[PDB]
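Worksheet: the structure to be examined is printed underneath.
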Amino acid sequence: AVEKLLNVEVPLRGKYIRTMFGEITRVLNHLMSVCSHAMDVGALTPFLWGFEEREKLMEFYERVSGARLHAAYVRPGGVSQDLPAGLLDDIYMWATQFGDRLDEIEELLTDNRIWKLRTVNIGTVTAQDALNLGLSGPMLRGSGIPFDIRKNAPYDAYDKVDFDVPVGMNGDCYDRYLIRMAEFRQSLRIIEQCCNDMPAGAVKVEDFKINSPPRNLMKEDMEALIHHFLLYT
Amino acid sequence: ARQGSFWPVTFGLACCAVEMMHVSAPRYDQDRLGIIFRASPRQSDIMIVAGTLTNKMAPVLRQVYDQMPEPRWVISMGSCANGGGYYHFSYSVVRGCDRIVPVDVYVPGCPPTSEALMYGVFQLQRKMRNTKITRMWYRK
Amino acid sequence: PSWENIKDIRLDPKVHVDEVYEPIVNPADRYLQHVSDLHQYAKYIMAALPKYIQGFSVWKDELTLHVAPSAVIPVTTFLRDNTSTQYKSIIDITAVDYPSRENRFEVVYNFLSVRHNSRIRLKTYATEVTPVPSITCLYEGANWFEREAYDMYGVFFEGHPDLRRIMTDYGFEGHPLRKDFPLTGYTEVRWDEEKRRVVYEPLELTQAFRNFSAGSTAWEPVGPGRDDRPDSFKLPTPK
Amino acid sequence: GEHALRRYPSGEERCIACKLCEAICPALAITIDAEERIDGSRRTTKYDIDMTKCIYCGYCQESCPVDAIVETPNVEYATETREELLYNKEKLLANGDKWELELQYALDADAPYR
Amino acid sequence: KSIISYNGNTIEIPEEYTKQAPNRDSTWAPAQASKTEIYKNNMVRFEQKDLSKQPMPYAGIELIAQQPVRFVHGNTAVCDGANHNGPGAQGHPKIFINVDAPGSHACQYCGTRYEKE
Amino acid sequence: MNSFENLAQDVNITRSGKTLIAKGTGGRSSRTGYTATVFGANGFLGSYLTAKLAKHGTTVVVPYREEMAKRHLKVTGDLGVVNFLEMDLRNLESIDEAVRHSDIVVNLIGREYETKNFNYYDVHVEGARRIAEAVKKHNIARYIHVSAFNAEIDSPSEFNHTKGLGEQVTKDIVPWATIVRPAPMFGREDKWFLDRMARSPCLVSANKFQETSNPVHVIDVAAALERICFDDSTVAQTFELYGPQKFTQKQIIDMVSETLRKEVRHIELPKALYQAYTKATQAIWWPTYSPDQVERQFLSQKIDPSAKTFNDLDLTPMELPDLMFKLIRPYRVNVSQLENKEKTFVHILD
Amino acid sequence: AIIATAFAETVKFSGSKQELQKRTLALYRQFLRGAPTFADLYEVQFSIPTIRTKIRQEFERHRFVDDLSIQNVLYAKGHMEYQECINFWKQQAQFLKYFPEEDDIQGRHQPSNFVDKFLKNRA
Amino acid sequence: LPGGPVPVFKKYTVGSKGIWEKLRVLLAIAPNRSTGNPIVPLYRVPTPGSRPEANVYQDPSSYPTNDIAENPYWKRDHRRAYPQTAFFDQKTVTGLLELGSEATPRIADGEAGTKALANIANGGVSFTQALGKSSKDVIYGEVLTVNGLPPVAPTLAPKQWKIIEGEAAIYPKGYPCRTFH
Amino acid sequence: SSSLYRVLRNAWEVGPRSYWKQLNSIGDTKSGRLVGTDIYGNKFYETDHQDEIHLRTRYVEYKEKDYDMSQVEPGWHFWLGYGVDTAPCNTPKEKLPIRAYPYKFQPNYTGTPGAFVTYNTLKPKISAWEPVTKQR
Amino acid sequence: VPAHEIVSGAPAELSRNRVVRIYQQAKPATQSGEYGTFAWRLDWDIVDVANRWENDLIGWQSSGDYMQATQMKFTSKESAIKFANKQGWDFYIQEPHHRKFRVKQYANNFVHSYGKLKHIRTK
Ligand SMILES: NC(=O)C1=CN([C@@H]2O[C@H](COP(=O)(O)OP(=O)(O)OC[C@H]3O[C@@H](n4cnc5c(N)ncnc54)[C@H](OP(=O)(O)O)[C@@H]3O)[C@@H](O)[C@H]2O)C=CC1
Ligand code: SF4
Ligand code: SF4
Ligand code: SF4
Ligand SMILES: [Zn+2]
């Protein structure tokens, strides 16, 4: 929003970092939501298994931003710092096993007849009512409507990566669970493409009237010091 | 026994609760120390205030605290609970949960990491381990 | 064929770029044709409901319609039910306080059409005593949004079935998102031992709020901009 | 993690009381007072951080032109009383002295990226 | 040692804790409260407390006063306070100090004193 | 805005020559400038007194024995307002540390029974003597000492006798002290009063429940104490704080029963049998009805003809009958139109 | 759909002061009738007559407001407050905000003349 | 089919060796599944505080933005070239209908055009008389489409959906969740 | 590895006194090589047994019975969290901090008479007149 | 003038015992930029007892005045007066001062002097 009002452009590497960490964030969110949902119905074990994966991803959060949760990493202009040296390799090694991690949760849930008793035809929403109520995301895609902002109105680097969109048909809790589980896989896909296509260059917009200049300029160049002073005050 | 059977009631208000969840997750595995989280204050010894306490919520928190059987202790977790944090100057926010309940340990951070929360639990256990109970009665 | 001999990715040859090339482009340019389309579209709407559409504005991909409060129900109905518009999802309703205007509050509606993959914004106005017609009859999802708008600003919505505070504390006095409501409010709470209860008292701060906006710039920062209007929407000059 | 005020290798304080940390602080957690030191230096007479207001965002450390205010990696400083979490200048300088070596590891690893 | 309180009673404080810093007895700024005033105004919260554990950072003004003057040939010394061992930008903003006038001249940032010769 | 309802003016001079300027409007972030020590602050009356003091930001020093028991007091003040010291009556240095910085010292230390470490004389005479000596040595501006009603030196009761002895020793040591004698105090979770009557298995009287006193609300005693604390015209005066209307114990039991909707069980026993029982029960480690309380059961309240009262503090005690329902609420036990109305409703469904 | 809750009234701005007067007296009747329910929900120390007295004082405060729009808003907010109280949505703490006088005497010194206000810097 | 199963020895997880590997392969639901424990010598090594690359890192920049000799700031000052918000009330659109546009004019020169602009700018023609006066050519070219249809609510980037069926789908035939691309 | 054989092997490698010490402090049985010692007396170990999972290859044995994470000296604190590869005793001279003051390590003193007492480092902003009479 | 005081929910003391000032910011003497001088500020006069005092623990500045940091911006003096009347606020208008115009000529630095020079201009 602020970038649109500022009429500036995030550089390409920054856009890729934002897309990659957006999909890491989506995985973290869906781990929390699906495992909390399962815990509420009474399936206690997927929570533990998924929170270990969350721990692994939060290490990436902490290594780029210095915080496990409140990163303040994505900012108007790009991101606050560049990726550290060994991060793409570690994200790739996590990705090589996350698929199995998802398969085992699906082994516990997808075909379990008790899970289906708790989810099938529960919380049904029709497509027209979904639109009229202001629902979005899975709450909408479960009712059969193929809408997703990443495909309909592409932002940072989502136009440059290949992924599919899952759409339900019954508009119930079970369809929404299947949608979230498929979105896990699509996020893994996008994360791998970002690990393979990460380009060189700046990660924030290269105008020091918008973002702060690098510190060695700030301590050597007069314009850089003035711009740094003004941006932080 | 008080240290080894450490049963907290969660006032899981906000993002701090996520870190509390990670204390029970496999990496740190709080129940290896004897910690079990209880829905009911009647079955709890520790209240952990983990999140922003709003004015609308303050009587609810006081009520839950009062229904805890004794002995009882309170851990304030995170800047919001400690003193208001990022929302200290808000019209709707209590500026520290120690305006509502007595607090035994304050854990800093926004959020405190899982390890920071475990460190705070260890501090409370140190306080427990140094309590005079029958020695205090003997002094009377 | 074991994990013991899995290849070390850490020593694979990485890509090495010499110079990075990122051409200089104004981000607004990509919108130009779309801007034209929105202009054309808005013209149609204003030509079709001249009883109602006070005006419209177009910024890069966002189209706003400006109407009087009494126009809200018909225009909204049109936007929901006309075949070329089909704005079936209500996205948000909020208010903006403009204390300089005779009508303080502008009420903003955002709508989405999944059919056409399009968004639109609609504005009206209100004061602390003149209500707006509720659009719950047209969108059930509007319900809570109007409640929030009442809670934060004090705008009333005529025809709302159940209009009460949704955010603030029970018995909260004031509408906190008004420009004259102070940041920390008027009252704070504590536990009172004499009374054994949570009590409300006049606000007292151990450290007063420090407002640093006194350091705003003494020089006009951006200037006028440029106009992106298409040539088919500018009045001609004689000769 | 927990904040500290650093020195030059000579032992002189690095903070020159520019107040950029105080201006940027999203939580208004920093309170600063300064005047001219009896040797003529521009230095703080008061530097306070309310750790119960702080959100641990690191903006102060980004803003500082001389690497004076920093966040250490220490998270283990829970206290039994809230009064212990109002850090004055003595406490913060002692933290800098205590944690300087770990601070130097962190700086040697991340300074090129700032 | 003995500080008379507003009550009119005596507060005893060991001599070493009355020193503003371990390396300096007196204050170095007009607005700076002395240790004696701090105890006189805050003694309630110091009762049953161990002073030897309280933070006692060294005063930087004496430490910088201990550093030898750097002598320079021309009219202008340059200072940046850099760390030649680490990477990145670890000093202060690079400034230029005029040394034409008699005596030594202090870096505004780090206090290092330069002199023409 | 808040106010300093306890202060007459904004600038104050203590009798010891300290200048106190009140800052702020009077709320939690305000400070009166006064410093007070409250001995026995964790008890029934002390907690109310500490709440009232800390409310306006006077610095309160609380000497305590057991840590967990004082924790609630911390909630009553802003940061830095309530300050805790470890204290014991056999450690003279700790008493000195407790009173050293104060403008006001109030002593509420008393016990309704004897212990293996403190008999009545040790707690009411020797402890009062030591606190008073610390006060006099440090020349404290105001010293308020609390005794009981019926405090008399040659009394049949050891409680009353040691309380009279403590009054005399206090007056001998610090001539400007203010002595306060409250009547029996009722209130939320009171001691040996309403709360006992609402949940006892059986109240056993050796005097038919005939003793009379003028029961007084604890809130009013604390409010009176705060007023005595801040007006220096109560120096060297005696106060008899007692309730408006006189009651018999049987009457109070009757009101408790009527408000409770439950009948309280009363048994009358011979004084010898009951004294033997209370002496036997003193062997357990938790507090239990004293032989000396049985002795006091035969004493009716006797108000000094020449002593300052609530009137001199411009205060009007509340009435026990009006307060009892509120004070005892948690222990309360709990047609023709209803049937006709019930007929229209649904009671069973699919 | 999204249905209204107990004692919810759709917002309608009365076009006439008499048609508002009818609604207003009906709201006053509702408050007076709910007084005993209030005393039971909120476990109050004071009596039912005290509650009804307080209700009268509240309605009295706006007895001379003239502008129709302002009366409409005062009515709609008064109905919101009735719905909040009767549904037990309020806790005791917020309900007792309405009864400041019911709490005990806050202290010996509430100034009334100039000199007393001046001695407390409140002149 | 890309994304399909890969063997366990291509996943950076510890796993088993020797006789125990044979036992695990005999007893696993899915033998290609990893255990989830990262390989200690390979993962997050060297530690982020001892990366050699830190001592060669430089601030990254792109051409021509980093040029020392051909980029005035005002040629790339995109913030100050922000698009103005265009406001149209009904008087302006009236003028567009009557006088035509800068692109396609329907105005006379001299005092005639300025006076026409003025008298629409004062209120002489209302929007509705403007619309009634408007000819078929104007109404079809400049209010409706050239075919007389209304314009549809416009889209910035149109999205054509395709449905993936068969083996490339995420779920098999039975499940009530389809794959849209 | 949760296996019994790991525990037996480590106890054999480590010896019975060390076995009982570890069982009475950390509760597991670790065997690894000593890396260095704290200024406080804490000892630090690194193991390369392949049965130890990621983040378990470094550990500390504390010098005192009332152990506390704040007793770990800075530098070692970073190493124990896998911040740096090389341990403080192995760090070259160029990458150490120069101090002109004596270095002292102090742990968390909370809940203890040594807990930090905060205060205002400024004297009050307005100074009052010292009253002096003069004779008319 | 509608009495919106009684519908806002603000404390009564605000429209009873507080005074506001309506003004334009003066051109700062330290800078030549005038960007902040066109708006009409509305802000509250300070209250003596409640404005600011020193905290006895750490030295922060406490306050009892909830309006101390609030400043409203208006596009005209008339809009500000209208708003203040609609809130029942007693106000004072401080009329702005502007620089009187005079003609400045560079050539005036070199005008020939027919008698004794009154001063040596130096440049
Ligand atoms: N309640 C009533 O009806 C009447 C009470 N009084 C007197 O009022 C004063 C307080 O009343 P109340 O609150 O009801 O009594 P409480 O028992 O509730 O509190 C008494 C206080 O004195 C302390 N105390 C008792 N013995 C000692 C001791 N050896 N050393 C240190 N402290 C001791 C207690 O500390 P700790 O908790 O550590 O034991 C406690 O804090 C007493 O002096 C009492 O005699 C007189 C007339 C009426
Ligand atoms: S302290 Fe920080 S992380 Fe914790 S609840 Fe508050 S904002 Fe969220
Ligand atoms: S970390 Fe953020 S909130 Fe904390 S002091 Fe620094 S800038 Fe302020
Ligand atoms: S710590 Fe840094 S930013 Fe803050 S005042 Fe000191 S020099 Fe300025
Ligand atoms: Zn320098």
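All values below come from the heavy atoms of this structure, side chains included, with hydrogens, waters and symmetry mates left out. Per chain, numbering begins at 1; letters A, B, ... match sequence-line order. One-based numbering, in listed order, for ligands and for the atoms of each.
For D:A17, every heavy-atom contact with ligand 4 shorter than 4.0 Å involves the backbone, none the side chain. Proximity of D:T44 to ligand 4, defined as any heavy-atom pair under 4.0 Å, is not found for any part of the residue. Residue contacts with ligand 4, taken as heavy atom pairs separated by less than 4.0 Å, do not involve D:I30 at all.
Aromatic ring centres of E:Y109 and E:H92 lie closer together than 6.0 Å.
Within 6.0 Å of CD on E:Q108 lie no more than 12 heavy atoms contributed by other residues, nucleotides or ligands.
For ligand 4, the atoms closer than 4.0 angstrom to any heavy atom of D:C15 are 1 (S), 5 (S), 6 (Fe), 7 (S). Counting atoms of ligand 2 from 1 in the listed order, those under 4.0 Å from a heavy atom of B:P111 are 3 (S). Each of the following atoms of ligand 4 lies closer than 4.0 Å to a heavy atom of D:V66: 7 (S). Atoms of ligand 4 lying under 4.0 Å from at least one heavy atom of D:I69, given by number and element, are 1 (S).
Using a 4.0 Å cutoff on heavy atoms, B:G85 does not count as a contact of ligand 2. Under the 4.0 angstrom criterion for non-hydrogen atoms, D:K53 is not in contact with ligand 3. Heavy atoms of B:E19 come nearer than 4.0 angstrom to ligand 2 in no pair at all. The closest approach between D:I55 and ligand 3 falls below 4.0 Å for a heavy atom of the residue.
Heavy-atom minimum distance, D:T79 versus I:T110: CA-OG1, 3.2 Å.
Considering only non-hydrogen protein atoms, atom 6 (Fe) of ligand 3 sits nearest to D:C60 SG, 2.3 Å. Nearest protein heavy-atom contact of atom 8 (Fe) of ligand 3 is D:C25 SG, 2.3 Å. Protein heavy atom closest to atom 4 (Fe) of ligand 3, with residue, atom name and distance, is D:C54 SG, 2.3 Å.
Note on ring orientation: taking the six-membered ring where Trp is involved, the planes of A:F51 and B:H22 are tilted (angle from 30° to 60°).
One of the N, O or S atoms belonging to D:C57 lies under 2.8 Å away from atom 2 (Fe) of ligand 3.
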